Each structure stands twice: as structure tokens, then as C-alpha cells.
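Residue numbers (the numbering used here), protein chains in the order written: chain A, 151 to 325; chain B, 151 to 325; chain C, 151 to 325; chain D, 151 to 325; chain E, 151 to 325; chain F, 151 to 325.
Beta carbons are placed, not taken as given, at the ideal position from N, Cα and C, and that holds for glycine.
Notes for the one structure printed next.
6 protein chains.
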Amino acid sequence: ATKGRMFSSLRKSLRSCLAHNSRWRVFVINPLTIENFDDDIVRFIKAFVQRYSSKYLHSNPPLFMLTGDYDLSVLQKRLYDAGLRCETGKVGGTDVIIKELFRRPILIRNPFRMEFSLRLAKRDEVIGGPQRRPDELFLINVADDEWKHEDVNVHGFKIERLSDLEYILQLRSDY
Amino acid sequence: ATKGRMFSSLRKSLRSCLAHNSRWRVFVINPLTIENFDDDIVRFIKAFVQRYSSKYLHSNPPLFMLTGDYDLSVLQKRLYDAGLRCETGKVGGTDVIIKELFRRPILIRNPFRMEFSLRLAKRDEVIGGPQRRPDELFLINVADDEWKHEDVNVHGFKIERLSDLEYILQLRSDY
Amino acid sequence: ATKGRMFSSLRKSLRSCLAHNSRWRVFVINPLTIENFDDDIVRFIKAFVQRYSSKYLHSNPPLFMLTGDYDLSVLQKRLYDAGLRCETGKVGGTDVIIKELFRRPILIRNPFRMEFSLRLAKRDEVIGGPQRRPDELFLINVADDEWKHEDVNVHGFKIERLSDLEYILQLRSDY
Amino acid sequence: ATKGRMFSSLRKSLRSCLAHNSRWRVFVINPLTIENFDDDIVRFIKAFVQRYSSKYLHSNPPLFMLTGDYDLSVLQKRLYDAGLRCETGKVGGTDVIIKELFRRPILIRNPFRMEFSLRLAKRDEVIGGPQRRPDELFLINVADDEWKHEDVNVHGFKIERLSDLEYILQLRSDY
Amino acid sequence: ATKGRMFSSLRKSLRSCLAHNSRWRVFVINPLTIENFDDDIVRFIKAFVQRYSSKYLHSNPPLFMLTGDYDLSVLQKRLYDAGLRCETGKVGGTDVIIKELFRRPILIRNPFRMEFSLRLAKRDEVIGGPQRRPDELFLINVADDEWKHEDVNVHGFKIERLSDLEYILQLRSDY
Amino acid sequence: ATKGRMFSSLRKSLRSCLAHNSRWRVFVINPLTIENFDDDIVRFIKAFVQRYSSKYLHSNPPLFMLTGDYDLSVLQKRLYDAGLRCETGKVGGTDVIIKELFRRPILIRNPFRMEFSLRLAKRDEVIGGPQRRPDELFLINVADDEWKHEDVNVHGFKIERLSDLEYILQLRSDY
């Protein structure tokens, strides 16, 4: 199983990167080459937020970006009905203001409430870059990107079905 | 055998979910093709309740839903004799009010007291849907249901005897 | 050999039950077909009581029922010599008052004191059943008994000598 | 060879017995058959007392009896030189008094101090028996004894060197 | 091939040394004989700082000394862009002072802040010796250095890529 | 080949003695045969002290005795440069006063401090013995000494490099 070994060793690589509590993680994806995405995506985001963005010491939420012509509004509605709230980065819905998408949330401890658990954007509309470079960048099926830099960890994969990523990221045991 | 193998992987598949103290779990069962049902059901429920609805942080109790012409009146008395109080939803005798079958119970810590430990209804009398969606829906031997949804996890199975499921859900440790 | 594997398989079926501090356990035993019973009975009881009936959380004590025409007085005197106390259920006469044999003891947390550790009786002289049915009903070398029911867990064995049981109930580490 | 595995088997039959903090243990030994008794006796008693009689929770110290013709004065002196104190049972004369030997010691917690850490005698001198019977009796290279009873956990071995016994008593790691 | 074993052994030799919280560690590196160094150095240094210089019990920051004609001005800026502060020993002028480099930093516990995390230098510019001979010295592709002494725990390696050393120093999980 | 097992056997034999905190240990050494002694002696002593004489619960420091024509002064100066302090038993004069070498040090808990960490002396000079006998006596490359007695654990080895002992005594992880 040459391919299965790829996933197993890749899972063993990324261990220390995800042990930390506070880190700036960023994801990019392309959905035209992932089978059964529209049905499989919300379960994924809820599982990730439940493991790595559902406590106090988890200061910085993740950023999911997408490529293509995908329609985000419907996904925002579905995630809201699921139970989560997102920072779109918009004021009026015209176009993204960078400064808001990359801001710090309000955190209370007793009782724990978190202003938002995730960030959601599209890649084209996000024109520019942040002030503090990302610690990790996860490129799921995208060849090139503009945030690649020498001093940023970078990972690049090709997955056919999302479950594989759920295994790489300690969310389901069986491949 | 073949079935001996699959159940191990399925037992391992659900270890993450059941660790969460708070969750909404829903069970749908069919007793026509389950051998030796009328004898084992009470013990199954008793073990489940002691495992996952016996403490404080176990907030939301589960929902066992049966399909067919079963008789609940006898089961509720057998259970009261065993020591468990149940929530059917009836106020008057005839029909089920969806709002009362999904309410939150009173919880006293010191000394620990529960208003109830389980909720039980027949599937046909429960005409409607819930305000919030279930997290996990176990469909033991039922082909299709109305509450299937993309954003809701679904595990569908076939089992010969109720002893087969106690292994899957960590109530026994052989087979 | 193969018979040992039987005992090993049993040792596991019974693990979770004994992990519970409080539970109503019952024993029915037949001495006619056990080897060297009168030589080992007291060692067996003393071990069981030390492991499962010597702490405050262990509120419900066990019952040992012996079938056959046997002499309890001598065993009781031996047990008093051994340091234990018992609850025969009798008040100065032959008859066995049932309400007095299934009562709760007095417990003082600091310092540890216990009114009685074990319950002892003879099956012929018990006419009736407890209001709260037993969680476990072991049946060592007896075929059928009256307290068998659908919602009572039953475990029926055959044993050549008592050293075989101690291994099943986690008193002696090896076979 | 095969004998060593027998020793390894005996080693784990005794693990529960010795885990207890308060227990009365007794030993009988026959020097004539053991090689290098005089050379290793003190080392053995010192290890045993370092592990099993060197704390407050360790209430009842052990009892070492030796049969045959042998001198206890030399051993008592060598032990005093080693650092340990012993209870002979004498009140100045040439006769023993059982109450004095089987008495309880003074125990202070802070700073921990023990009136005596062991008991020593010759079997021929001790004419009688104890009020409470031993929980464990270890016969070393002796067949019979008056204190054997159906309600005592008698253990019997045959040894050639004292290094073999230490392994059974969880002191030396290797054989 | 066979090369894996050597590194696996080194990884185990150096475990006790890297457990200690406070210790004076020194590093020498020659870049001419390493592939893709400019790209890796920064991630290497950051991964090292996180594990061994990101607490209050981590007293002495480590020292990195390069060999050759390398340009420090660029690296010292890249590290600031990454989020780190360094001590060079320079006071305005081109000359290097021994006292200011081997200096203890201000550490405030609650809240946690550190004057500096790392020390950087070019070998040839550093003339003299320290006050306390180092506890460990690491030679990476260097044959001889003056500080080699008979009371210093030297370790000499030979590497092809920096990812190897991260394995040796416990930074990454697998080769 | 076989030597690997001899040393691992010894390593496993002495695991119990060293777990203890307070204890009297003596070493006798004969450098005429050991290869590369002057080079590794100080690293040995520092490693040994860091683990067995660096806490407050470690009351008795160890004693290192060396045989033959050898000059201690230089080693004492070297251990001073390293960061340690030794007790030689000399009140000015060359003669060795025994009552001042086996004394108890001053120990403050918070803040920690040790008056001295190790003892060091030549064997020919020490004329006498201790008031209280030593628990363990490690003889390396020496036949017989005057402190051997039946009530002491007299270990004897034969080694040619000093790392061997570092493995036996648990300072180095792997042979």
C-alpha cells in the first residue's frame, strides 16, 4: 500500500504542529477535484472546531479559503444552522476588508463564550497579506500560492476524498 | 469470521464520539428480526444509562425510538420496577407533544438527582421534527428514515442479537 | 488446556461488574460436588470480603446461600474466629425473618467501622424474594433457581475445586 | 532450567499478599540444609525490613523463628551493629512470655520512630500459640508445624541458597 | 540504509542532556557543505527556541556561531520579522565584547517576558574565551575548534541537510 | 557479544540500591589498567553527582578512593574549575583525620545549597575504619580490601573503559 504509507507517515509528521494550543493555521482548498465535498464539508469543520478551537487557551481561530466559483453564503447558512458563527470579513457585503478578517476575538472564561470559532473567505477577494506571517499553510490540491515564503512551513497534498484528511488530522482512526 | 472482523473496526470508529459527556444521540430499532428482544432490552437500556447517563455532566438523555406494533405500556413498568423513570411526552393519554419529549431535565448536584434518565417514544406517533438536529443517529436495522441529513452523522447496521451491540458501544469486552 | 481457556474467557466477561463499588450480588452454591470445600470456604470468604467489602463506598454487602443439608453454626463460629461478622437473619428462633436479612448496615466514615460484612443463610429457609431484585445471581453448580428472571443477569458455572473460582473473580493472579 | 520457571511462578502468587501494609507474617527456617546461612542472614533481614517494615502504616512487624540448635545472641549483636532492634520476648530470664513477643509497638509519625522492627525466637522455646492466627505462614525447608490450620494460608518451599528466596519476596530482580 | 541506524543511536545518546532545563549549550556550523541552508536556518532556530527557550525555568539561552564569510545582518532581520530578539555583543562598533554576549537576561515570571531568546555570532570576530567552559559543544561539519577540552562533552557529527539534525535534536517525529 | 549480557545483567542487579536517596557508597579504583582515565574521570564524577547528589533528600555524599601513586591536587583543582567542591579530611597537614572526612554536611532547603558534594582521598593514607559500616562497596579493578565483611554488599567488576560503568550506573542510556 504505497499510498496508505504516504498518509500514515504524513500523519506522524504533523503531530507536533498540532500539539500547541495557540497557532496561526491557514488552509486553502480546491473543490472541483474532491469527490462529495458539498455533503462532507460541514461535518469536517465542526469536528475540527471541536478538537482545536473549542477551549479558552485556543486563542487564534483557523482560516479556510477556497478557489473556484463556489457560493459561500449557503455554506454560511448551513454552518449557522449547525451551530457555529464565522467572520466573513465584510461590511456591506461588497468586498473584504483585510483588517477585520485577521482580528482577535472576545473571550470570556467563566462562562466560556467565544465570539467566533472560524474564519471563512474566498481567495480572489482577499487582496494583499497579513502583518504576521502564518505558522502553517496547508495546500490541499493547489499547486501554487502567493503566501509561500522561505520562513513559513508549507504542506502540499492530493486527496481524493475528505476522510483522508480527517485521518491525517487526528479526527478518525481508520483510514 | 467475517462479522467478527468488521465489528472491531466499528467499535474503534465510535470511540471518539462516546467520550463526550454532553451530546444528543438518537436510536431507531426494529424488533421483528432481532432474536430474543423482549428479554434483553431492559438490561441493554440499564447498562447504557449507567454508562452514559449516570452523572452530572451528562446533560441531555438519549431517545430510543421503536418501529412497529410494539407495546410500550409494559416496558415502562418493567423499567420502573428496575429503577428508571422515563419521559414519553404524553399529557392526557393520546398524543405526543414534540416540545415535551425533548426538554431539558432538572439536575441537582449535591445530592445527585435526575428528573429522568431516558426518553422513549414510538416512531409513528412522533410526527414532526426537532428544533435542533441530532449529532448522531444510530439506525439499527432500519433502511431509511426522514431525519437523515447531510450535516447529521448516520451509522446503519445489521445485528443478529442484542449482545452484538453491547460490544460496539463498550458495554462488554468479549464477544 | 482447553478448559483453562474457558476460565480465561469468563474472567473478562465479569470485569466491569466488579468495578462497581455498590451492587447487590447473590451466590448459590452446592458443596456435594466440590472437592475440599470445608477446607477452603473460609479462605474464600475472607479474600472476597477483603477485596469487595472493606471500604466505605461498598455499601451493599453480599449474600451466600448454601444448598444441601449442611451445618451453618460451625462455619459461623469459624468466621468469628477469623475476625468477621455475619447477618444470619434470625431472632432467637429457627425461622428466618426476611426483612432483617436484607437490611442496610451502619457505616462510620472516620474511623472505619462496619456493623456486618457478609450475609449468610440457607436456601431452604428463605421463603420469598427481595423487593429490589439482584443485579447479579451467580449459580455455582446449581441448575435452576426461583430468582431467575428476564431482567436479572445470570451466570452459571461448574467447578471442580474452589481455587478455580478465585481466578475468575480476580483474587489469585494465576491459574 | 525447569526449576527456575517454578520460582517465577511462585513469585506472582505472592504479590497480593505482600501489597498489604498491615498484615501478620511468620517464618520458620532450618539452617542445616541451606548453604551460607551465617553469611547472608543479616542482609536478608535488612532488605526485608527496609521494604516491608519501614513506615508508619506498617503496623505489625514480622516473626522469624529458627529451629534446631543455634545461637541467637551473636545474631542479635550483629543486627544491633547493623542498626536494627529486636524483640526477644524475655524479661531477663531464660524463659519466654508469649504476650511480650506478640505485643504491639509504639509508633510516632513525626519524626518517625519505631520501638522495634522485628521479632526473633527459637521454636523449641515458644510453648503455646497466638491469640490471633497468622494470615500467612512461610515454612522454609520444614515439613510440619503445630500452627498449621485449615484457615491459614500455608506456603511451602525447598531452597538451597538464600538468594533464591529474595526473588520470591520481590527484592532481587534476577535469579 | 545503514545511515539511519547511526542517527537513531545519536538520538538516544543525547536524551538526558536535553532534558535538563538549564544548561550552557554551544553550536558551531559550517554552511558551505550543507544544501539549502539559507532556507532552513530560520525554521531550525525557531523550532529549537520553542522547546528549550520558551519558559521561565530555561535560564541560559544558547549560542550559534557560524564559520566562514556569512552575512549576519540579513539573518538578524529575518529573525525579527519572525518574532525573535537576539544578542550579538556589538555596542555600536564592529568590535565584539565577551561580557555582553555571555550575559544573563532579565526574566519576569508572571507575565512572561524575556530580554532575549538566542545568541548569534561569527566565529572569527569572537576572540578570547568564556568564564565557564560549556556543558555541551556541537560541531557540525567542523574538524577542530579551540574550546575543545577534556572536561567538555563534545559531540561531532556530519550532515547533508538540516532536516537530519532536527531528528537528532528531537524536533521532528520521523526521518 | 557475550559481554553485552554480562553488563546488562549487572545493570539490572543494581537498580534497587540506587533508587534509594540516602545511603553510604564507597568506590575503590585502580587506574593503572583503565584506558584513558585522566581524560574521562571528571566527566564521570560530574555525571554521577548530578543525579545522585543534587537534591536535598540526598544526605550522605559518596566517597571516591584511588590506589597507587597518583596526584590528587590536580584533579581537585579541575573539579573546582568545573563547579564542584570536595572534602579531603586534611586540617592543613598532609595527614588525614578520619573523623573529619565522614562528617555530615550543612544543608539548607530553600534556597538550596550544599557545603560539599563529594569526598575524595587516597587509600594508603586512610588508616582506620568508619564507625558505621558501608551499605554498598564498589570495587573496580581491585582484588581485596580491608573493609570487606559479611554484612556489606561487596560488588566487584572488571572494565577497561569508564563508559562501561556509566552504562551500569544508569548515566548513559545505551551501551
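**Q.** Neighbourhood of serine 209 (chain D) by C-beta distance below 6 Å, restricted to the same chain and skipping five residues each side
**A.** Against the fourth sequence, residue 209 (chain D) aligns to sequence position 59. These residues qualify, in order along the chain: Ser172.
Q.
So, at 8 Å on beta carbons, what are the nonlocal neighbours of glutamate 316 (chain A) in its own chain, with the 5 sequence-adjacent residues on each side left out?
A. Within the first sequence, numbered from 1, the residue matching residue 316 (chain A) stands at position 166. The beta carbon of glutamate 316 (chain A) lies closer than 8 Å to those of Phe194, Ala197, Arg322 in the same chain, with the five residues before and after it left out.
Q. At a CB-CB cut-off below 7 Å, which residues of chain D make contact with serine 159 (chain F)?
A. Counting from 1 along the sixth sequence, the entry for residue 159 (chain F) is found at position 9. Within chain D, the residues near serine 159 (chain F) are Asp324.
(Q) Count Cβ pairs between the stretch 268-281 of chain F and the stretch 152-166 of chain F that sit closer than 8 Å; are there 3 or more? (A) no
(Q) Suppose you measure from the CA of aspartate 189 (chain C) to the CA of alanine 293 (chain D); what does that come to, to the nearest Å? (A) In the third sequence, counting from the first residue as 1, residue 189 (chain C) sits at position 39. In the fourth sequence, counting from the first residue as 1, residue 293 (chain D) sits at position 143. Using only the alpha carbons, I get a separation of about 19 Å.
Q. Per DSSP, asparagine 260 (chain B) forms a beta bridge with which residues?
A. Residue numbering aside, residue 260 (chain B) sits at position 110 when the second sequence is read from its first letter. Answer by DSSP bridge pairing: none, since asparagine 260 (chain B) is not bridged.
Q | Beta-carbon proximity of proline 284 (chain F) to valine 302 (chain F), cut-off 8 Å | A | As a working note, residue 284 (chain F) is residue 134 in the sixth sequence. As a working note, residue 302 (chain F) is residue 152 in the sixth sequence. It is a contact, given that the beta carbons lie within the stated cut-off.
Q.
Please state whether the Cβ-Cβ distance between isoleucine 184 (chain F) and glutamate 310 (chain F) is less than 8 Å.
A. Your numbering for residue 184 (chain F) matches position 34 in the sixth sequence. Your numbering for residue 310 (chain F) matches position 160 in the sixth sequence. In this structure, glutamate 310 (chain F) lies closer than 8 Å to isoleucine 184 (chain F) by Cβ.
Q) Based on Cα-Cα distance, which residue from E:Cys167, E:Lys153, E:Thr152, E:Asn186 lies nearest to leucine 312 (chain E)? A) Residue 312 (chain E) sits at position 162 when you count from the first residue of the fifth sequence. Checking every option, the nearest Cα to that of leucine 312 (chain E) belongs to E:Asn186.
(Q) Please report the distance separating the alpha-carbon of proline 211 (chain D) from that of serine 204 (chain D). (A) Translated into the one-based positions of the fourth sequence, residue 211 (chain D) becomes position 61. Translated into the one-based positions of the fourth sequence, residue 204 (chain D) becomes position 54. In a straight line, the C-alpha of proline 211 (chain D) is about 10 Å away from that of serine 204 (chain D).
(Q) Rounded to whole angstroms, what is the Cα-Cα separation between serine 166 (chain E) and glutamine 200 (chain F)? (A) Residue numbering aside, residue 166 (chain E) sits at position 16 when the fifth sequence is read from its first letter. Residue numbering aside, residue 200 (chain F) sits at position 50 when the sixth sequence is read from its first letter. Spanning the two alpha carbons is a distance of roughly 11 Å.
Q) Going along the chain, which residues of the stretch 220-250 of chain A sit with their C-beta nearer than 7 Å to a C-beta in chain B? A) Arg228, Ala232
Q. Can the beta-carbon of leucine 229 (chain C) be found less than 8 Å from the beta-carbon of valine 192 (chain C)?
A. In the third sequence, residue 229 (chain C) corresponds to position 79, counting from 1. In the third sequence, residue 192 (chain C) corresponds to position 42, counting from 1. Contact: yes.
Q. Are the beta-carbon atoms of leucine 168 (chain B) and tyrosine 202 (chain B) separated by less than 8 Å?
A. Within the second sequence, numbered from 1, the residue matching residue 168 (chain B) stands at position 18. Within the second sequence, numbered from 1, the residue matching residue 202 (chain B) stands at position 52. Yes, these two residues count as a Cβ contact at 8 Å.
Q: Just the C-alpha distance for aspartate 274 (chain A) and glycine 218 (chain A), rounded to the nearest angstrom, thanks.
A: Here residue 274 (chain A) refers to the residue found at position 124 of the first sequence. Here residue 218 (chain A) refers to the residue found at position 68 of the first sequence. Roughly 9 Å between the two C-alpha positions.
Q: Mind listing the chain E neighbours of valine 192 (chain F)? Cutoff is C-beta to C-beta under 8 Å, in chain order.
A: Indexing the sixth sequence from 1 puts residue 192 (chain F) at position 42. Identification of chain E residues near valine 192 (chain F) by a Cβ-Cβ cut-off of 8 Å yields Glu300, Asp301, ordered along the chain.
Q.
I need the straight-line Cα distance from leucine 182 (chain F) to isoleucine 277 (chain F), nearest angstrom please.
A. As a position in the sixth sequence, residue 182 (chain F) is number 32, starting the count at 1. As a position in the sixth sequence, residue 277 (chain F) is number 127, starting the count at 1. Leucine 182 (chain F) and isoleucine 277 (chain F): Cα-Cα distance of roughly 23 Å.
Q | is_contact[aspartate 189 (chain C), chain D] using C-beta, thresh 8 Å | A | Start at 1 with the first residue of the third sequence, and residue 189 (chain C) comes out as number 39. Contact of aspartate 189 (chain C) with chain D is assigned, a C-beta pair being separated by under 8 Å.
**Q.** Three-state secondary structure assigned by DSSP to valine 241 (chain C)
**A.** By 1-based counting over the third sequence, the position of residue 241 (chain C) is 91. In the structure shown, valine 241 (chain C) sits in coil (DSSP, three-state: anything other than H, G, I, E or B).
(Q) Counting only beta-carbon separations shorter than 8 Å, does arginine 311 (chain C) have a partner in chain B? (A) By 1-based counting over the third sequence, the position of residue 311 (chain C) is 161. Not an interface residue.
Q. Under three-state DSSP, which class holds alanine 169 (chain B)?
A. For the purposes of this step, residue 169 (chain B) is taken as the residue at position 19 of the second sequence. It is helical.
Q. Which whole runs of the beta strand (DSSP E) in the stretch 245-318 of chain A are 3 residues long or more, in chain order?
A. 268-272, 286-290, 303-307
Q: Taking the CB atoms as reference points, tell me whether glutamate 265 (chain C) and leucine 251 (chain C) lie closer together than 8 Å.
A: The residue labelled residue 265 (chain C) in the question sits at position 115 within the third sequence. The residue labelled residue 251 (chain C) in the question sits at position 101 within the third sequence. It is not a contact, given that the beta carbons lie outside the stated cut-off.
Q: Starting from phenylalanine 214 (chain C), follow the beta strand (DSSP E) in both directions and report where the run begins and ends.
A: For the purposes of this step, residue 214 (chain C) is identified with residue 64 of the third sequence, where counting begins at 1. Start and end: 213-216.
Q) What separation, rounded to the nearest whole angstrom, lies between the Cα atoms of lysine 298 (chain C) and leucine 225 (chain A)? A) In the third sequence, residue 298 (chain C) corresponds to position 148, counting from 1. In the first sequence, residue 225 (chain A) corresponds to position 75, counting from 1. Taking the straight line from one Cα to the other gives about 57 Å.
**Q.** Proximal residues to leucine 287 (chain C) (C-beta, below 8 Å), its chain only, five neighbours per side dropped
**A.** In the third sequence, residue 287 (chain C) corresponds to position 137, counting from 1. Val176, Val178, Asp295, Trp297, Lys298, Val302, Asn303, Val304, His305, listed in sequence order.
Q. Is the Cβ-Cβ distance between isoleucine 318 (chain C) and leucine 216 (chain C) less than 8 Å?
A. Working through the third sequence from its first residue, we reach residue 318 (chain C) at position 168. Working through the third sequence from its first residue, we reach residue 216 (chain C) at position 66. Cβ distance not < 8 Å, so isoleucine 318 (chain C) and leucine 216 (chain C) don't count as in contact.
Q) Which residues of chain C have a Cβ atom closer than 8 Å to the Cβ of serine 163 (chain D), listed in chain order? A) Indexing the fourth sequence from 1 puts residue 163 (chain D) at position 13. Within chain C, the residues near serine 163 (chain D) are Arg322, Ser323, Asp324.
Q | Sequence-distant residues of the same chain with beta carbon closer than 7 Å to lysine 240 (chain E), five excluded per side | A | Stepping through the fifth sequence from its first residue, residue 240 (chain E) is reached at position 90. Contacts found: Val246.
Q) How many Å lie between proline 261 (chain C) and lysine 249 (chain D) at the Cα? A) Taking the third sequence and counting its residues from 1, the one referred to as residue 261 (chain C) is at position 111. Taking the fourth sequence and counting its residues from 1, the one referred to as residue 249 (chain D) is at position 99. Cα to Cα, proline 261 (chain C) sits roughly 27 Å from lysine 249 (chain D).
Q. DSSP beta-bridge partners for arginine 175 (chain C)?
A. Taking the first residue of the third sequence as position 1, residue 175 (chain C) is located at position 25. The secondary-structure analysis by DSSP pairs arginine 175 (chain C) across a beta bridge with C:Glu286.
Q | Exposure label - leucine 257 (chain F); buried when at least 16 CB within 10 Å | A | Taking the first residue of the sixth sequence as 1, we reach residue 257 (chain F) at position 107. Answer is exposed; the Cβ neighbour count stays below 16.
Q: Hey, could you find the ends of the alpha helix (DSSP H) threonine 183 (chain F) is sitting in?
A: As a first step, residue 183 (chain F) must be located in the sixth sequence, where it is residue number 33. It is not in any alpha helix (DSSP H) - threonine 183 (chain F) carries neither H nor E in the DSSP assignment.
Q.
What residue range does the alpha helix (DSSP H) around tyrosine 230 (chain D) cover?
A. Reading the fourth sequence from its first residue, position 80 is the one you call residue 230 (chain D). Following the DSSP letters along the chain, one finds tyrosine 230 (chain D) inside the alpha helix (DSSP H) bounded by residues 223-232.
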